[PDB]
Each structure stands twice: as C-alpha cells, then as structure tokens.
Amino acid sequence: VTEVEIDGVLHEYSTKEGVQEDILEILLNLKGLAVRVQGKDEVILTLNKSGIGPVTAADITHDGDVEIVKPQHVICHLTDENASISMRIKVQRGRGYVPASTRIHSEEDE
Amino acid sequence: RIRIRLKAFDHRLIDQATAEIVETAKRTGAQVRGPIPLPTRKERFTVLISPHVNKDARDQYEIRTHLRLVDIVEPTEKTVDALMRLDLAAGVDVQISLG
Amino acid sequence: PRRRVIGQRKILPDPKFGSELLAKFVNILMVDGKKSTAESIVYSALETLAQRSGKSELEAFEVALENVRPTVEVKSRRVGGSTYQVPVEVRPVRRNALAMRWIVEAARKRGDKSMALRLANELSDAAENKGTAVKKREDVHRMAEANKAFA
Amino acid sequence: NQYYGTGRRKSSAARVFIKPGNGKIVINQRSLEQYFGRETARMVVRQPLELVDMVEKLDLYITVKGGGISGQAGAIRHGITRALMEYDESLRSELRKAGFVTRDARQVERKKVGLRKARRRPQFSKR
Amino acid sequence: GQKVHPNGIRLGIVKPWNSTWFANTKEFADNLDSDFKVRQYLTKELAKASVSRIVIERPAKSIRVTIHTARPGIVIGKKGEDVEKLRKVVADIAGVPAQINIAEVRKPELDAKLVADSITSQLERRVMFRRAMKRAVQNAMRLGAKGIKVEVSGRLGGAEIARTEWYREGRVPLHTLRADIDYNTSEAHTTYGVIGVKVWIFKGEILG
Amino acid sequence: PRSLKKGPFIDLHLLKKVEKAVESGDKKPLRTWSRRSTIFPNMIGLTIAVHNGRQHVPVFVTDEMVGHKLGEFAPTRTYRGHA
Amino acid sequence: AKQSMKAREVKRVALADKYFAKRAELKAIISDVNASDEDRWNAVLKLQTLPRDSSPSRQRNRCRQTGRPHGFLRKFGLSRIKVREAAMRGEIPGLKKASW
RNA sequence: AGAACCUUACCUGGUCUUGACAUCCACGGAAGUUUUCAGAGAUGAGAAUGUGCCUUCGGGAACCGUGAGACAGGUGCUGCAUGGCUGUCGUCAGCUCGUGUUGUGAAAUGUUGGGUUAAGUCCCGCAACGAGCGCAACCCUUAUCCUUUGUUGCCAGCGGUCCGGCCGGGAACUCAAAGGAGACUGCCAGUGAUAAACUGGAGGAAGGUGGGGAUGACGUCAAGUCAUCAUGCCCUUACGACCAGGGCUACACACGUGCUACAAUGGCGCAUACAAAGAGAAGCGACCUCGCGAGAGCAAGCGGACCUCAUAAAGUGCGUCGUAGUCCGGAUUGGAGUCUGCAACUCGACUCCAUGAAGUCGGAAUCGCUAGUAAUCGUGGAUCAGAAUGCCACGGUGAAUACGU
C-alpha cells in the first residue's frame, strides 16, 4: 500500500464518524496488508462498507488481477449503522524500503 | 462464447485495454480467442472556418473510432465474474456478449 | 516549361498489331477516356482500308500517314512591329503526331455516316494524295515556302 | 508445389498462383476470354508470359477483387510477374527491363476543397 | 487569419485532449454540452484561484474532473470542504456521480494560460501593458522556458487607433509539430474595450 | 394537388361560417383569410371577401369555381406595367 | 441568435415532448387504410386542433452554445464556428485535423 | 451544410407590457395532471386531483399567480473604437534581431559576391560573428516488405456437399489494424574550385522533396465579419415579446457560376461484367404480396467487416434507327397521382399518360488543366420531416502536349 484516499478527510491525524481505530491506526493496519497483483504494476482498489461490525480485508471490491490473500485482516470497526467509509487504496510494486519523507519530493506525477 | 467489442478514439489506449482484458481472461480461464482488429471508422467533418464569409476556407476534422474484437471460447465460473471488479481505462467503451 | 525537360511517358502498343504508332493514333482519336470504342473504330477503319488498297492493315495506314506528314511548319516570332511567321524544321516525334491529328480532324469534319467509315475514307484519300489532311499539309508547306526568307 | 505472387494496381488485388501445366488461365472460376472481354486486358495479362517463353509451360489460377477492368488486369499481370520471380529468380532482369516488377503506385488523386476535382479549379473571372 | 491553432495541430502527437471519453453519436452532443457547462461553472468559481486546465474524463456513468491549478490551497480551502462543495454542483450540472481531482501546477510562470490570465488582470488594473508583457516574458525565461512569445492587441493605452504588439524571447517554433508549444489566450475587458492576450510557451521538443 | 384519400381542404371556421350563412339565407359578404380553403357546392351564391394580404376582395362564387380554392380569386401582387 | 428565439425553440421542444403520443396516434389513425372515413376525417380535424409548436418539423436545430440556426452539426450539437473552437481547445474528444 | 409553417431577422393586421428569456423580495396558491366554449391564432372564461423533504409553528426549498420597481430584451448603429475568427499577396522565400564595425546622420553591414538549390537550400569567400521567425525535417495519407492477431473478413491445400466458403476445417493468400523495415544522392562513374552540387546507372516497390495533404514568416489591404460569439451611442406601453396570413420564390431587363443539350465516338431495346468510400435507431429497412410507376402493405436482419441503404454507370455482346430538328433534344403546359408534413394556393420532391420550345458546337472576347491530371462515368455524405444540377467526399475508364522563354 502506498497512497490511501479516504473521503471527507483533511489530514491523517483527524478522526472519523462511526469507527474505532483512528486514522493513524487505519493507516498502520493498511500498511500491514498483503496484496498479490498479476498483470499491472500499479492498481487502485476500492473499499466501501456501511453497517455495524468490523471491516475485514475481504470487503474490498476486488478487480480481476488483484488477489487479497488475507480474508481476516481487520482494518476498521464500524460502530454506527449510519456511518460509512469509502477509501481508495493505491498499490505500487517495488523493493526495499522507501519512506514518506523521501517520497515527498521524489514523486514526479503532480 | 464471450465476444468483447472494445471501442475507443485513442488507438494506443484501446490496445492497452485489449491486452489487459486478455491478461484478465488468460489467468482464470483457458483458450482466449484473440485480439482481432476490425475496421476503424474515420467519421470526417468539413466546416467553414470564417465567422462570416469565405467558402473555400475550410477545416476538415475526423474522429477515428477503433474496434477491437476479443473473444473468449470457454466461459468458466472464475473468468466471467473477474471482469465485474476489473473495470478498464476511461475513454474505452467495452461491449461483452456471451453467445 | 522553364525549369526542366522531362522524359516522355511510356505508351503500350495496341493488342491487334503490336504497334506504338497505332496506339498513339487510337489515343488521339479517343474522347472522354473511352479508349475501347475508339480502338474498335480504328480497327474498323484499318480493315476497310486494307480491303480497299490491299497490302496489310498497318502498312497501308503508314503509307497514308506518309502523304500527310509535314517536312516544315511555321511559328510566330513577331520581333518587329508586325508579326513574322518563321519556318522551322519539325522533328520526327512531332511530325508523326501532327499528321495523325490532322487526319482525325478531317475524319471529324467528313460528311459520311459512321466515324470508322469516315476515318477509312480519309486514310484512302491520304494514300491517293487528295482530301482534307493532305490539303492542310500543303497549306502548311505553302506558308513555310512563302516565309522562307526568314531563317 | 504451386508458386504464388500477389498482384496490386489501382484498387485491384489479384491472387495469382503458378503451377506447371499446359497453359490454361482461370480468373474467378472463368476463362481469360470470359472474364476480360477487352483485348487490351488480355494482352496485359499475357505480356509477362510472352516476354519469358512460359505460356505453354505453366497453368495459372487467379482470383481478383476491386477496381475496374484495366486496373484489375494490371494487378493480375503484377501478380504473375511476382510469381515468376518467386519461381525462377533468374528472369528478374528481363522483367525489370519490361517494367512489370514495378508496382504502379498511381492512385486516384483525392478531391480537394475549393476545387471541383483533384486539380480542376472552378471557372475564374476578374469581373 | 493566417495561423493554425498550436494546440489543435498537435493533439495527435505531443499534446493530449482535455475531454477524454468515448461516446456513440447518440450521447456525444449531450456529453459535450455537459462538459461546456461544467467547465464554464469552474471558470466562474475558480477565477481568483489560478486555474490552467480542466480535464474531464467520464467512465461508466460517472464524471471525473481534474483541475490543474497553481494554488490548490484556495481551490481546496479547508481539507475537503471546498472540493466537496464543488463536486456536488458538478454532479448536478452533469446529472451523474462526480469526482474532482486537483493537480498542482509546478511553475505557473511557464504555464501559458496562467500567464495570459495574469497579463489580463494587470491590464484590467491599469498597468503599462508593455511592462506587463516584459515581465511575462522575462519570468518565463528565468524559469527555464526554451522560449516564449506573448502578443497583446487592441486599444492599448486606451488609444483610439487599435494595434497589436508582441514580445518574443528564445525560440518558439510553431511549424515544428514535435515542439511542446503551450499556447493559450485571454481577454481584458477594459474601460476602452477588450484587449486580447495570446501567449506561446515553448517547453522543448519531444523525441519518440 | 391534395391526395384524393385525404379529401378536400376547407378551414373549419370558414366551413362553419358558410353553414351559418346557408341557414340564415343572407347575402352579406363574409370577410375571410382562408385563401387555402377549397370552394364547396354549398358556397355557391355567397359573396366571400377573401384577403389578398392587404384587403378583402369580394368573390361572388359560381358553379365553375367549386374545385378551385379561395386564394385563386384574390390576386395578391398588383402590377400594372413597366411604362 | 437572440434569447427570445432560443426561448421559443425551447417551448417548441417542450410542446413536442408533451404531445408526441397523441399526435403519433392521430397520424396512425389517418394512415390506417382499414378504418372508417368519418373516423379518419375526425382524426384529421383533431390534428388541426392541436398546437402547431407540437409538431417536430417546427423546431430548428440551433447551436447549443450560441443558438445560431445555420452551419449546424448533429453529432456535436454545435454550429461550425463553435465546433472548430472546441476542436482547437481539445474539448471534443478524438477530433483532430484530418489529411489524406 | 438546404426559406411551405418553423427558420425569419422583413410586410400586413390582431395582441402583450418587469415582460418570451434571468436574478430579488412581498404575499396568493403545492407543482403538474387531465378536459370545455369563443377566437385566424395569440389568448380569455370553465370542471377534476394533490399538501413532499421540517417547525420555543412571525414559515420554508422546487413550480405557477399578482403588483411594485431594481432590471430584462434589442439579428438596433459604429468592423473607421475593438477581441476573436477569416480572406489576400503567397506555401511567395523571404522578414528580422543582438553584439561588433562603417557613416555627422537617416542608415549600412550581416542578408552582398563566386557557384548551387524547390528554398536566405548548401558550400566557398568576405567587418563581420552569432541568433530568431520562416525553407527543410518532425505529423497524416499513399506506393513494397516483414512480424503479430485471425471474426462478422479470407479459401491455397485437405474431406464432405443442396456446387452457395455453405460446413468440417485451415491458417496460407487477400483484407483488416497495431508494431517494425525501407530512400539517405547511401553505392558507381563522369563534370565541378582539393567544394556545395549537377549529369547519367546500379540496385530497388519506390530516386533524388517518390505522389497527395496538413502546415501560411514579418507584414499588406482603417480587406471581411458588431447578423455566430464576445465587446467600448441609441430604443425601453417600444428599434422589446406573442400570434395568424403574406414576403424573402416578385420580372421589360444585365452579369456571374453550374446542369442538360444540339447527336451515330450516338439514341433506343434486350442480355451481361468489373468499384471504392460512406451512412443508419423518432434510423437504414431485405424477403414476400399489390401497384404500369412514384410507392403501399406486411415485416425479418441490424447501433452494424455480420443486416439495410445497394442494381454501380460508362463498358461488353446482339439487334435496331441512317444524318432528319430525327426513335436527337428535353423545356413548357394539361390531366391524373405518390410521399413527407397540422399544412404542398402563393411555394416541395418524385411518378404515370399526354404535350415535344429553343437548340445543328455558339460574336467580340474568356476560363481550367502537366497524370491516374484533364475529359468523361456513375456512387456516397453532411444540412435535412420533405426539399440539390450546389458543397464535401469516393472509386471507374482514361488522353493530348511541353521546341522553348
């Protein structure tokens, strides 16, 4: 996971309506994710879910060439039934460790 | 068999789409027919370019609609469904048709 | 033109006799790019002509042509106040063409019914040394003779 | 065994096949005399063969599409030439001399805005 | 009206399209109309925000707008407050689900349209047109444009007889198709009349 | 002319007026703009002032005028001569 | 074009939208050879009664931006002049200058 | 890139005046839905249904109604106030600048000169040295090849046959796109100033910019357009708005651009062959049935390499006419009708039967075209209910001539 895009958010240190984990907790639990793409080298997934209960990794509306190999990876704990969450993840492919500070100016595509 | 009609204005984009579709097909199912290029529609237009009058003054535009016919011979359980989540790049109208 | 002389384009010989000249003649005859009809007409003319004069189809035609070819034509220089027509020796390629053209013109003029027939008649006349094309040729020559002082 | 050459001239596209035989020409399941009513066309299709004495030696099956008659004939001729080239590869020079190896690239010039045709400009007047 | 439009001649090669969608003859006109509307709205809204290029892209009955702007901060406002607001109106305009993206324009002195806009603004607030033009040219050059041209036309300094003046610097090849020529235009609605500003900015040649 | 299957054309209002006139047995001229209206057998005897664009011109209907239209007997343009 | 003209056009369009079902039906009735004469007559008269602006052959195709009646194109819904502008700007997808 | 109505901006009448089109409040009513008489219509008067999103209830946002004004509206004037867009010389090879130098200076030089080129193209020289915009190249298309992928496209070799690629199939060929290769005076000889080049030839599908298109320098014409659009005085119970009818189609005449002719290289009749490129859902409409025909009825196939428009015509073969104002020519007019359309009177197209003008190659003069060009033959498209001989496209056949300045 490289870029996470949640709707109705300002920064990662805010909080959201209807969830348990805070947004830094959500970003950590998304950093632990294990994805296996086949054809492309950069894909965009989608997670949309409402209702009371935990948000597994098995709730992501998969495409054809992406395979999420951990169907019990928890991300959120939605508590309000009127709460919703719609995040759009971006999954690149590389090696080593490239962090946010160096990837703050390295990124060319404005 | 699933016939797939890709239509787009940009040819490169269309090509990219086609490849992607093939990839999607080939991992899940087996015996993808192939990316067959149909004839391109070159819909031309002439217009007078003056605001008022000068009739020999003209611009001749066109829109090149490209066609790609991809066919899938064996629709399995896994394969057909894979396209639902697998949306293609924008500016490429796809048209799947089983049988 | 000013800049560059160009090589004359390739001409196919006619299917019946295998002749370049004949083909050229046919082309000259032709109108509205209806080549086939024109060629048929030409053939008809030849056949009738052949029947009339004996010989061959081609040979007779050649003979006819020979009696209408101009040795010398004139051109207008006009360097002075009034115009002076000057004679000039007309080249092999051109002379042949001119005769053919004249013949065609004569045929067009002529009061007989079918085109082919008219053409045949013209050819016959040429062979004998009477008719329209021959007259034209004579006139051309005559003019040249008159203006022989200029050279 | 059958040898082959593609023919093309104007909007015509001939598919000439050369085989060893007696010299019978078939164009779209019709004889040369049936298909080409025109003598000129016939001549053009026979030209290359005439040039290199193989009229009696080889049969040729043809199928041609597109264009008119003359164009079609030309295409056929071209195809034949190609076939010959493929087959012998020592008759090339003769063909070149003739002018049959050359694809006649003359297409019809497009109509151009302003003009009535490819080059015919409309009638001009100062007044 | 001598010259061909520099963007328009290059759409197949080095320049891309703004509206990027497919549609059949049925829905195409409507789509175009929608695009026109939304774009118009955006221009009206984000006038004070320096906006260069609106790129519309609609897949699967849902419109994706991409606003290229020099300062995202004024277009976004507070994080997801202004953008969100924009989105619903865009959707309304279209009649479909909307999605607004905002691209940040690096080097607004090299973006031609932006420059033109700036010039227009200057003209409106009664500066010496010539000095503005000079500034435009100079700045671009400083920033690393291979070349720039700007042209302004009509009622310059409120003069009765209209004229055009233009400043070029560096190289601005227009006949060369592979040249990245960012062209754009604007109009200063002054007290004496309109003053049209054209500007060509040559980023460099593309090799492919 | 109009198709035979469609029938003849007359403006509804005009027709109504004609009917009224017939009922009455009056011979005061009916001013009308329907130049496109065909003349009918029942209209014979009536004066009907047809518009010519400018003014209403009186047309006493006759047995011969039936198949024709009202605009045929109310010329619009007014050319006398060039000299 | 004027605003007024545009408004008129819009009105016409609206009318067309409204009265389509009825008008079409009437037309069908008129056509239908296997039908009564009186009925046909009624239909013909009925049609007359309906508003004129209800006809689709009344409404003129104008440019969607400027309302210019002439020089129109159907695919784009725009007059030539505007279409060209759009093309130049990149606003019409796929459209570029053609040469052959 | 299409005037019956509409369009329409004009005329005649009939009407409206915060208005047909917007924003704003005030307050009367949910919007809207159906129907009635008068009227040319615009409009002016009636009968049925509904009360949705929310209220410490002075009410609201959509959508009608009325009055006030703020304003709307103007295809009204100025293109000699303008922007934008366009023509034009001219796709003509030119037009400039910086720094240096020359001249009191306007200016010059570069940019001239020797050659050469399609080219201010390139070389060589030289008080110039450099640079930019243009001349070229990059882009599309067309001409040859290769790779990839083969249906709705193809059928070389295989088997079957209703002798139809139609059905097993085959992936060859055509064709279809996508990606590469190829042409650069690169190779050879001579001429040339130890050059740039030129002349020829070899190969090659293509040869010297291969053919065609797009591309239009600085500028010129106070060139065109305020009626596309935008934009810096005038009208505002009317130079604004609605309506019906008429006009834009008038006709002593003059000019422009086209079509069709005057015939036998032809007309007519019967048979019969070979295209390309396009369009199509309020759409293209097979087959079959009826109609002399335009068409009508029924009604599949098809958002389309599949189905439809859709028979290409000139051509070819056989017959006839035999140089006549004709079996040339079709105008004109009468009758009767078909389709579109509320509606074909003014004023549509097409059909059938009749009618059968002028015209026998055109005065002075005057235009186009150098090749797949002209000439001629059909085909399609846009606008478009309908309405092209125009415009924009497509292929068929297919010349003549260029000595030269």
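Residues numbered from 1 in each chain as written, not as in the entry; some residues may be left out. Chains lettered and ligands numbered in written order. Part of a larger assembly, values for the part shown. Heavy atoms only, no water.

- Structure determination for this entry is recorded as cryo-EM, at 3.7 Å resolution.

Things to note about the overall build of chain E
Moving on, step 1. What chain E contains, in helices and strands, is six helices and seven strands.
Moving on, step 2. Of the regular secondary structure in chain E, the N- to C-terminal order runs α-α-β-β-α-α-β-α-α-β-β-β-β.
Moving on, step 3. Computed over C-alpha atoms, the radius of gyration of chain E comes to 18 Å, within 12% of the 17 Å expected from 2.2 N^0.38 for 208 residues, which places it in the range of a compact globule.
Moving on, step 4. Within the span of chain E, comprising 208 residues, buried residues form 45% of the whole.
Moving on, step 5. Considering only contacts in chain E between residues 6 or more positions apart, those separated by 24 or more positions represent 60%. (Helix = DSSP H or I, 4+ residues; strand = E, 2+ residues; numbered from the N terminus. Rg over C-alpha atoms; globule rule 2.2 N^0.38 Å. Buried < 20%, exposed > 50% of the residue type's maximum accessible area, 1.4 Å probe, protein only. Contact = heavy atoms within 4.5 Å.)

Structural notes on the nonpolar core
Moving on, step 1. Residues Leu22(C), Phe25(C), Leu29(C), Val42(C), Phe61(C), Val68(C) and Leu123(C) are the most contacted members of the largest nonpolar core, which totals 31 residues.
Moving on, step 2. Of all the elements in the fold, those that place two or more residues in this core are α1 (20-29), α2 (35-53), α3 (57-66), α4 (92-109), α5 (115-128) and α6 (132-146) of chain C.
Moving on, step 3. No other element matches the seven residues that α4(C) contributes to this core.
Moving on, step 4. The next biggest cluster of nonpolar side chains, apart from the first, holds 28 residues, and it includes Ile18(D), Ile80(D), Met85(D) and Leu91(D). (Core = buried A, V, L, I, M, F, W, Y, C linked by side-chain atoms within 4.5 Å.)

Focus on the domain arrangement of chain E
All names here are of chain E.
Moving on, step 1. Considered domain by domain, chain E is made up of domain 1 (16-106) and domain 2 (107-206).
Moving on, step 2. Between the C-alpha centres of domain 1 and domain 2 there is a distance of 26 Å.
Moving on, step 3. Contacts between the two partners involve six residues from domain 1 and, on the opposite side, six residues from domain 2.
Moving on, step 4. Around 440 Å² of area is buried between domain 1 and domain 2 when both sides are counted, 62% of it from carbon and sulfur atoms.
Moving on, step 5. Area buried by domain 1 at its contact with domain 2 is led by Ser52, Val105 and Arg106, which between them contribute 70% of it.
Moving on, step 6. Remark: the boundary between domain 1 and domain 2 carries zero salt bridges.
Moving on, step 7. At the junction of domain 1 and domain 2, the tally comes to zero residue pairs in polar contact.
Moving on, step 8. Residue classes in the side of domain 1 that touches domain 2 are distributed as three nonpolar, two polar and one charged. (Domains from an automatic or database assignment. Buried area = accessible area lost by both parts, 1.4 Å probe. Salt bridge = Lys/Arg side-chain N within 4 Å of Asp/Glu carboxyl O. Polar contact = N/O pair within 3.5 Å; in protein donor to acceptor, adjacent residues only side chain to side chain. Nonpolar A, V, L, I, M, F, W, Y, C, P; charged D, E, K, R; others polar.)

Brief notes about the UniProt feature "domain: KH type-2" in chain E
Moving on, step 1. UniProt feature "domain: KH type-2": in the numbering of this structure it lies at residues 38-106 of chain E.
Moving on, step 2. The span residues 38-106 of chain E is 38% helix and 30% strand, and its two end C-alpha atoms sit 24 Å from each other. (UniProt positions renumbered as here; feature names shortened; annotations may be inferred.)

Remarks on the protein's contact with RNA strand H
Moving on, step 1. Close to RNA strand H lie 180 residues; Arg3(B), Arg58(B), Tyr4(D), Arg110(D) and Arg58(G) are nearest.
Moving on, step 2. In RNA strand H, atoms within 4 Å of the protein come 76% from sugar and phosphate.
Moving on, step 3. In this structure, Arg108(C) approaches RNA strand H through a side-chain N or O atom, which is 2.9 Å from a base oxygen.
Moving on, step 4. Contacts to RNA strand H include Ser70(D), whose side-chain N or O atom sits 2.6 Å from a phosphate oxygen. (Near = heavy atom within 4 Å.)

A word on the packing of helix α5 (residues 112-124) of chain E against helix α6 (residues 129-143) of chain E
Residues and elements named next belong to chain E.
Moving on, step 1. Between α5 and α6, the least distance of the axes is 10 Å, while the angle of their chain directions is 155°. In terms of orientation, α5 and α6 fall into the roughly antiparallel class. Crossing of α5 over α6 shows right-handed handedness. For the pair α5 and α6, the contacting residues are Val115, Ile119, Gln122 and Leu123 in the first and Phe129, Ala132, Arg135 and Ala136 in the second.
Moving on, step 2. The residue makeup of the contact of α5 with α6, split by class, is six nonpolar, one polar and one charged. (Axes fitted to C-alpha atoms, helices over the stretch in contact; angles between N-to-C directions. Parallel < 35°, antiparallel > 145°, perpendicular 65-115°, else oblique. Left-handed = near helix turned anticlockwise from the far one by under 90°.)

Looking at the packing of aromatic side chains
Moving on, step 1. Inspection of every chain in the model, using the stated rule, returns 13 aromatic pairs over all chains.
Moving on, step 2. A cation sits over an aromatic face here: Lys16(C) above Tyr43(C), 3.7 Å from the ring centre. (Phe/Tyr/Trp six-rings, centres within 6.5 Å; stacked < 30°, edge-to-face > 60°. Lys NZ or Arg CZ within 6 Å of the ring centre and 35° of its normal.)

Here's the deal with the interface of chain G and chain E
Moving on, step 1. Facing the 18 residues of chain G at the interface are 20 residues of chain E.
Moving on, step 2. Between chain G and chain E lies a buried interface of about 1,700 Å² when both sides are counted; carbon and sulfur atoms form 60% of it.
Moving on, step 3. Looking only at chain G, the three residues that lose the most surface to chain E are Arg64(G), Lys75(G) and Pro93(G), adding up to 35% of its buried area.
Moving on, step 4. Counting across the chain G and chain E interface gives three salt bridges.
Moving on, step 5. Across the pair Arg64(G) and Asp33(E) runs a salt bridge whose closest N-O atoms are separated by 3.5 Å.
Moving on, step 6. For the pair chain G and chain E, the number of links is twelve residue pairs in polar contact.

A word on α5(C)
All names here are of chain C.
Moving on, step 1. Taking 1.5 Å per residue, 14 residues should reach 20 Å; α5 reaches 20 Å between its end C-alpha atoms and fits that length.
Moving on, step 2. What α5 keeps buried is the set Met115, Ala116, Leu119, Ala120, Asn121, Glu122, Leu123, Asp125 and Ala126.
Moving on, step 3. Buried-residue contacts for α5 involve α1, α2, α3, α4 and α6.
Moving on, step 4. Just downstream of α5, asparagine 129 is the residue with a positive phi angle, here 85°. (Expected span 1.5 Å × (residues − 1).)

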